[PDB]
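Data from final_28.tsv: TSV, N, CA, C and O atoms
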chain	number	residue	atom	x	y	z
Q	1	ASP	N	-18.80	-3.88	-22.19
Q	1	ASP	CA	-17.68	-3.87	-21.26
Q	1	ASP	C	-17.49	-5.23	-20.59
Q	1	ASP	O	-18.37	-5.71	-19.89
Q	2	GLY	N	-16.33	-5.84	-20.83
Q	2	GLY	CA	-15.98	-7.10	-20.21
Q	2	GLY	C	-15.18	-6.90	-18.94
Q	2	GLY	O	-14.47	-7.80	-18.50
Q	3	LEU	N	-15.30	-5.72	-18.35
Q	3	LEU	CA	-14.58	-5.38	-17.13
Q	3	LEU	C	-15.07	-6.20	-15.95
Q	3	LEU	O	-14.37	-6.34	-14.95
Q	4	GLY	N	-16.29	-6.72	-16.06
Q	4	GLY	CA	-16.90	-7.50	-15.00
Q	4	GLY	C	-16.00	-8.60	-14.49
Q	4	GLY	O	-15.84	-8.77	-13.28
Q	5	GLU	N	-15.41	-9.35	-15.41
Q	5	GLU	CA	-14.52	-10.45	-15.04
Q	5	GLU	C	-13.20	-9.94	-14.49
Q	5	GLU	O	-12.55	-10.61	-13.68
Q	6	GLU	N	-12.79	-8.75	-14.94
Q	6	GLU	CA	-11.54	-8.16	-14.49
Q	6	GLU	C	-11.69	-7.63	-13.06
Q	6	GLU	O	-10.80	-7.79	-12.23
Q	7	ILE	N	-12.83	-7.00	-12.79
Q	7	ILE	CA	-13.17	-6.55	-11.45
Q	7	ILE	C	-13.24	-7.75	-10.52
Q	7	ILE	O	-12.66	-7.74	-9.43
Q	8	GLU	N	-13.95	-8.78	-10.96
Q	8	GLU	CA	-14.09	-10.01	-10.19
Q	8	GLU	C	-12.73	-10.61	-9.87
Q	8	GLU	O	-12.50	-11.08	-8.75
Q	9	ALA	N	-11.83	-10.60	-10.85
Q	9	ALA	CA	-10.49	-11.16	-10.67
Q	9	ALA	C	-9.72	-10.41	-9.58
Q	9	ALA	O	-9.06	-11.03	-8.75
Q	10	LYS	N	-9.81	-9.08	-9.60
Q	10	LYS	CA	-9.12	-8.26	-8.61
Q	10	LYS	C	-9.71	-8.48	-7.23
Q	10	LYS	O	-8.97	-8.61	-6.25
Q	11	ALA	N	-11.03	-8.50	-7.15
Q	11	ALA	CA	-11.71	-8.67	-5.87
Q	11	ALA	C	-11.32	-9.99	-5.23
Q	11	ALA	O	-11.20	-10.09	-4.01
Q	12	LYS	N	-11.12	-11.01	-6.06
Q	12	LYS	CA	-10.65	-12.30	-5.57
Q	12	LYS	C	-9.19	-12.20	-5.14
Q	12	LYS	O	-8.77	-12.85	-4.19
Q	13	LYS	N	-8.41	-11.39	-5.85
Q	13	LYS	CA	-7.00	-11.20	-5.52
Q	13	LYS	C	-6.85	-10.49	-4.17
Q	13	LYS	O	-6.01	-10.87	-3.36
Q	14	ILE	N	-7.67	-9.47	-3.95
Q	14	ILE	CA	-7.66	-8.74	-2.69
Q	14	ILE	C	-7.96	-9.66	-1.51
Q	14	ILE	O	-7.32	-9.57	-0.46
Q	15	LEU	N	-8.94	-10.54	-1.69
Q	15	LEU	CA	-9.33	-11.47	-0.64
Q	15	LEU	C	-8.26	-12.52	-0.39
Q	15	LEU	O	-8.09	-12.98	0.74
Q	16	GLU	N	-7.54	-12.90	-1.44
Q	16	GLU	CA	-6.44	-13.85	-1.30
Q	16	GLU	C	-5.30	-13.24	-0.50
Q	16	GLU	O	-4.74	-13.89	0.39
Q	17	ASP	N	-4.95	-12.00	-0.81
Q	17	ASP	CA	-3.91	-11.28	-0.08
Q	17	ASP	C	-4.34	-11.09	1.37
Q	17	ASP	O	-3.54	-11.25	2.30
Q	18	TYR	N	-5.60	-10.73	1.55
Q	18	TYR	CA	-6.18	-10.53	2.87
Q	18	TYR	C	-6.07	-11.81	3.69
Q	18	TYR	O	-5.62	-11.79	4.84
Q	19	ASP	N	-6.44	-12.93	3.08
Q	19	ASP	CA	-6.37	-14.23	3.75
Q	19	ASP	C	-4.93	-14.59	4.12
Q	19	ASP	O	-4.68	-15.15	5.18
Q	20	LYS	N	-4.00	-14.27	3.23
Q	20	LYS	CA	-2.59	-14.55	3.45
Q	20	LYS	C	-2.10	-13.89	4.73
Q	20	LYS	O	-1.46	-14.53	5.56
Q	21	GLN	N	-2.41	-12.60	4.88
Q	21	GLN	CA	-2.00	-11.85	6.06
Q	21	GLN	C	-2.60	-12.44	7.34
Q	21	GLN	O	-1.92	-12.51	8.36
Q	22	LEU	N	-3.85	-12.87	7.27
Q	22	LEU	CA	-4.53	-13.44	8.43
Q	22	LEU	C	-3.91	-14.77	8.82
Q	22	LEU	O	-3.68	-15.03	10.00
Q	23	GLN	N	-3.65	-15.62	7.83
Q	23	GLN	CA	-3.07	-16.94	8.08
Q	23	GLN	C	-1.67	-16.82	8.66
Q	23	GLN	O	-1.27	-17.63	9.50
Q	24	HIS	N	-0.92	-15.83	8.20
Q	24	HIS	CA	0.44	-15.61	8.69
Q	24	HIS	C	0.40	-15.06	10.11
Q	24	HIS	O	1.15	-15.51	10.97
Q	25	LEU	N	-0.47	-14.08	10.34
Q	25	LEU	CA	-0.62	-13.50	11.66
Q	25	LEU	C	-1.13	-14.54	12.64
Q	25	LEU	O	-0.70	-14.59	13.79
Q	26	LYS	N	-2.05	-15.38	12.17
Q	26	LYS	CA	-2.60	-16.44	13.01
Q	26	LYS	C	-1.51	-17.40	13.47
Q	26	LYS	O	-1.54	-17.89	14.60
Q	27	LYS	N	-0.55	-17.65	12.59
Q	27	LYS	CA	0.57	-18.52	12.91
Q	27	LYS	C	1.43	-17.89	14.01
Q	27	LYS	O	1.94	-18.59	14.88
Q	28	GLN	N	1.58	-16.57	13.96
Q	28	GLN	CA	2.37	-15.85	14.95
Q	28	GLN	C	1.74	-15.92	16.34
Q	28	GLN	O	2.44	-15.99	17.34
Q	29	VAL	N	0.41	-15.90	16.39
Q	29	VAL	CA	-0.30	-15.97	17.66
Q	29	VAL	C	-0.16	-17.36	18.27
Q	29	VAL	O	0.05	-17.50	19.48
Q	30	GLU	N	-0.28	-18.39	17.44
Q	30	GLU	CA	-0.11	-19.76	17.89
Q	30	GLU	C	1.31	-19.96	18.41
Q	30	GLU	O	1.53	-20.66	19.41
Q	31	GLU	N	2.27	-19.34	17.74
Q	31	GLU	CA	3.67	-19.42	18.15
Q	31	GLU	C	3.90	-18.59	19.41
Q	31	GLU	O	4.76	-18.91	20.23
Q	32	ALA	N	3.13	-17.51	19.56
Q	32	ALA	CA	3.28	-16.63	20.71
Q	32	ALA	C	2.88	-17.33	22.00
Q	32	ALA	O	3.56	-17.21	23.02
Q	33	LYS	N	1.76	-18.05	21.97
Q	33	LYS	CA	1.28	-18.72	23.17
Q	33	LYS	C	2.14	-19.94	23.49
Q	33	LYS	O	2.32	-20.29	24.65
Q	34	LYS	N	2.66	-20.59	22.45
Q	34	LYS	CA	3.56	-21.72	22.64
Q	34	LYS	C	4.83	-21.24	23.33
Q	34	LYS	O	5.36	-21.92	24.21
Q	35	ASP	N	5.32	-20.08	22.91
Q	35	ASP	CA	6.49	-19.47	23.53
Q	35	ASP	C	6.19	-19.10	24.98
Q	35	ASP	O	7.07	-19.17	25.84
Q	36	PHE	N	4.95	-18.70	25.24
Q	36	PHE	CA	4.55	-18.32	26.59
Q	36	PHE	C	4.50	-19.56	27.49
Q	36	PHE	O	4.90	-19.50	28.65
Q	37	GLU	N	4.02	-20.66	26.94
Q	37	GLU	CA	3.99	-21.93	27.66
Q	37	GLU	C	5.41	-22.39	27.97
Q	37	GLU	O	5.68	-22.91	29.05
Q	38	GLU	N	6.32	-22.18	27.02
Q	38	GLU	CA	7.73	-22.51	27.21
Q	38	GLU	C	8.34	-21.65	28.30
Q	38	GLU	O	9.03	-22.16	29.19
Q	39	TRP	N	8.08	-20.35	28.24
Q	39	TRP	CA	8.66	-19.41	29.20
Q	39	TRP	C	8.12	-19.65	30.60
Q	39	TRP	O	8.80	-19.36	31.59
Q	40	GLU	N	6.91	-20.18	30.69
Q	40	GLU	CA	6.30	-20.48	31.99
Q	40	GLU	C	6.84	-21.79	32.55
Q	40	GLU	O	6.34	-22.28	33.57
Q	41	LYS	N	7.86	-22.34	31.89
Q	41	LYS	CA	8.50	-23.59	32.32
Q	41	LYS	C	7.50	-24.75	32.32
Q	41	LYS	O	6.85	-25.04	33.32
F	1	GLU	N	-2.46	-14.26	42.12
F	1	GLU	CA	-2.50	-13.05	41.31
F	1	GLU	C	-1.60	-13.19	40.09
F	1	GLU	O	-1.96	-12.78	38.99
F	2	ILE	N	-0.42	-13.77	40.30
F	2	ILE	CA	0.54	-13.97	39.22
F	2	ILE	C	0.14	-15.17	38.37
F	2	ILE	O	0.24	-15.14	37.14
F	3	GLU	N	-0.30	-16.24	39.03
F	3	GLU	CA	-0.69	-17.46	38.34
F	3	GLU	C	-1.99	-17.26	37.56
F	3	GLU	O	-2.24	-17.93	36.56
F	4	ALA	N	-2.81	-16.32	38.04
F	4	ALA	CA	-4.06	-15.99	37.36
F	4	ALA	C	-3.78	-15.18	36.10
F	4	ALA	O	-4.51	-15.29	35.11
F	5	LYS	N	-2.73	-14.38	36.15
F	5	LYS	CA	-2.32	-13.58	35.00
F	5	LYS	C	-1.87	-14.48	33.86
F	5	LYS	O	-2.13	-14.19	32.69
F	6	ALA	N	-1.20	-15.57	34.21
F	6	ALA	CA	-0.70	-16.52	33.22
F	6	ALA	C	-1.86	-17.14	32.45
F	6	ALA	O	-1.76	-17.38	31.24
F	7	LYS	N	-2.95	-17.41	33.15
F	7	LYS	CA	-4.14	-17.97	32.52
F	7	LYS	C	-4.74	-16.96	31.55
F	7	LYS	O	-5.04	-17.29	30.40
F	8	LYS	N	-4.89	-15.72	32.01
F	8	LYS	CA	-5.52	-14.66	31.22
F	8	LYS	C	-4.82	-14.44	29.88
F	8	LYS	O	-5.48	-14.25	28.86
F	9	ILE	N	-3.49	-14.46	29.90
F	9	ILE	CA	-2.70	-14.28	28.69
F	9	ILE	C	-3.02	-15.38	27.67
F	9	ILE	O	-3.07	-15.12	26.47
F	10	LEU	N	-3.24	-16.59	28.16
F	10	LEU	CA	-3.58	-17.72	27.30
F	10	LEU	C	-5.00	-17.60	26.76
F	10	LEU	O	-5.30	-18.09	25.68
F	11	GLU	N	-5.88	-16.95	27.53
F	11	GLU	CA	-7.25	-16.73	27.09
F	11	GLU	C	-7.31	-15.62	26.04
F	11	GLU	O	-8.13	-15.67	25.13
F	12	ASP	N	-6.44	-14.63	26.18
F	12	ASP	CA	-6.37	-13.53	25.22
F	12	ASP	C	-5.90	-14.03	23.86
F	12	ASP	O	-6.49	-13.69	22.83
F	13	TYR	N	-4.85	-14.84	23.86
F	13	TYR	CA	-4.35	-15.43	22.62
F	13	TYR	C	-5.41	-16.30	21.97
F	13	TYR	O	-5.40	-16.49	20.75
F	14	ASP	N	-6.33	-16.83	22.77
F	14	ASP	CA	-7.45	-17.60	22.24
F	14	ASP	C	-8.51	-16.67	21.65
F	14	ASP	O	-9.03	-16.93	20.57
F	15	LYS	N	-8.82	-15.59	22.37
F	15	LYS	CA	-9.75	-14.59	21.87
F	15	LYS	C	-9.29	-14.07	20.51
F	15	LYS	O	-10.10	-13.89	19.60
F	16	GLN	N	-7.99	-13.86	20.39
F	16	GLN	CA	-7.40	-13.34	19.16
F	16	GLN	C	-7.40	-14.39	18.05
F	16	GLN	O	-7.65	-14.07	16.89
F	17	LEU	N	-7.12	-15.64	18.41
F	17	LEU	CA	-7.10	-16.73	17.43
F	17	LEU	C	-8.48	-17.00	16.85
F	17	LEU	O	-8.63	-17.15	15.64
F	18	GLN	N	-9.49	-17.06	17.71
F	18	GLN	CA	-10.85	-17.32	17.27
F	18	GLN	C	-11.34	-16.19	16.36
F	18	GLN	O	-12.01	-16.44	15.36
F	19	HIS	N	-10.98	-14.96	16.71
F	19	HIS	CA	-11.41	-13.81	15.93
F	19	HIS	C	-10.73	-13.76	14.57
F	19	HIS	O	-11.25	-13.16	13.63
F	20	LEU	N	-9.57	-14.40	14.46
F	20	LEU	CA	-8.86	-14.47	13.18
F	20	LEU	C	-9.48	-15.54	12.28
F	20	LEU	O	-9.69	-15.31	11.10
F	21	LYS	N	-9.76	-16.71	12.85
F	21	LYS	CA	-10.42	-17.77	12.10
F	21	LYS	C	-11.81	-17.31	11.66
F	21	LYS	O	-12.34	-17.77	10.65
F	22	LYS	N	-12.39	-16.40	12.43
F	22	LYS	CA	-13.66	-15.79	12.07
F	22	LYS	C	-13.48	-14.99	10.78
F	22	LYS	O	-14.25	-15.17	9.83
F	23	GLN	N	-12.47	-14.13	10.75
F	23	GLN	CA	-12.20	-13.29	9.59
F	23	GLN	C	-11.83	-14.12	8.37
F	23	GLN	O	-12.19	-13.77	7.24
F	24	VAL	N	-11.11	-15.22	8.58
F	24	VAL	CA	-10.75	-16.12	7.49
F	24	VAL	C	-12.03	-16.70	6.90
F	24	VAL	O	-12.12	-16.89	5.69
F	25	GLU	N	-13.01	-16.98	7.75
F	25	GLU	CA	-14.27	-17.54	7.30
F	25	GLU	C	-15.09	-16.49	6.56
F	25	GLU	O	-15.75	-16.79	5.57
F	26	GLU	N	-15.04	-15.25	7.05
F	26	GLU	CA	-15.70	-14.14	6.38
F	26	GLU	C	-15.08	-13.90	5.01
F	26	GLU	O	-15.78	-13.67	4.02
F	27	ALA	N	-13.75	-13.95	4.95
F	27	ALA	CA	-13.04	-13.77	3.69
F	27	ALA	C	-13.38	-14.92	2.74
F	27	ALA	O	-13.39	-14.74	1.52
F	28	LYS	N	-13.65	-16.09	3.30
F	28	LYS	CA	-13.95	-17.26	2.50
F	28	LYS	C	-15.31	-17.12	1.83
F	28	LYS	O	-15.46	-17.40	0.64
F	29	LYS	N	-16.31	-16.68	2.59
F	29	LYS	CA	-17.67	-16.56	2.06
F	29	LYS	C	-17.77	-15.42	1.05
F	29	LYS	O	-18.56	-15.48	0.11
F	30	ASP	N	-16.95	-14.38	1.23
F	30	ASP	CA	-16.89	-13.29	0.27
F	30	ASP	C	-16.27	-13.77	-1.03
F	30	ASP	O	-16.70	-13.38	-2.12
F	31	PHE	N	-15.25	-14.62	-0.92
F	31	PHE	CA	-14.56	-15.16	-2.08
F	31	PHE	C	-15.49	-16.06	-2.88
F	31	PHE	O	-15.49	-16.02	-4.11
F	32	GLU	N	-16.27	-16.87	-2.18
F	32	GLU	CA	-17.23	-17.76	-2.83
F	32	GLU	C	-18.33	-16.95	-3.51
F	32	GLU	O	-18.87	-17.37	-4.54
F	33	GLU	N	-18.66	-15.79	-2.96
F	33	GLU	CA	-19.70	-14.95	-3.53
F	33	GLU	C	-19.22	-14.24	-4.79
F	33	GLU	O	-20.02	-13.92	-5.67
F	34	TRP	N	-17.92	-13.98	-4.88
F	34	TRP	CA	-17.33	-13.38	-6.07
F	34	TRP	C	-17.26	-14.40	-7.21
F	34	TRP	O	-17.23	-14.03	-8.38
F	35	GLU	N	-17.23	-15.68	-6.84
F	35	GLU	CA	-17.28	-16.76	-7.82
F	35	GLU	C	-18.73	-17.04	-8.20
F	35	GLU	O	-19.02	-18.07	-8.81
F	36	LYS	N	-19.62	-16.12	-7.82
F	36	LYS	CA	-21.05	-16.23	-8.10
F	36	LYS	C	-21.68	-17.36	-7.30
F	36	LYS	O	-22.89	-17.36	-7.06
Can the structure from this file be put into structure tokens for me?
Amino acid sequence: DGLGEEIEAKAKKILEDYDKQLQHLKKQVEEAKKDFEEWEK
Amino acid sequence: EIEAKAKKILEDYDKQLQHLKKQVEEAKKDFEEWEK
């Protein structure tokens, strides 16, 4: 069974998608506090 | 009381940011481990 590399490929794909969501959400938080600094004049 | 609240909100966004970079690092080490 050469599924080992296929499993590995998916597991890497899951982590890539996971990272994407975190990086995008992280950007929203940075933007959120910047907006707060703006709103605080 | 109001000016102290403004500080706290900025500390929370930091608590959240650090915890995200933490998860990114966890995801990174897991990814490296899948690459053997």
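All of the residues in chain Q within 7 Å of chain F are residues 8, 9, 11, 12, 15, 16, 19, 22, 23, 26, 29, 30 and 33 of chain Q, where all atoms listed in the file were counted.
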In Å, how far is it from atom N of residue 1 in chain Q to CA of residue 13 in chain Q? 21.7 Å
Here CA of residue 40 in chain Q and CA of residue 21 in chain Q stand apart by 28.6 Å
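A straight line drawn from atom N of residue 24 in chain Q to atom C of residue 36 in chain Q is 20.4 Å long.
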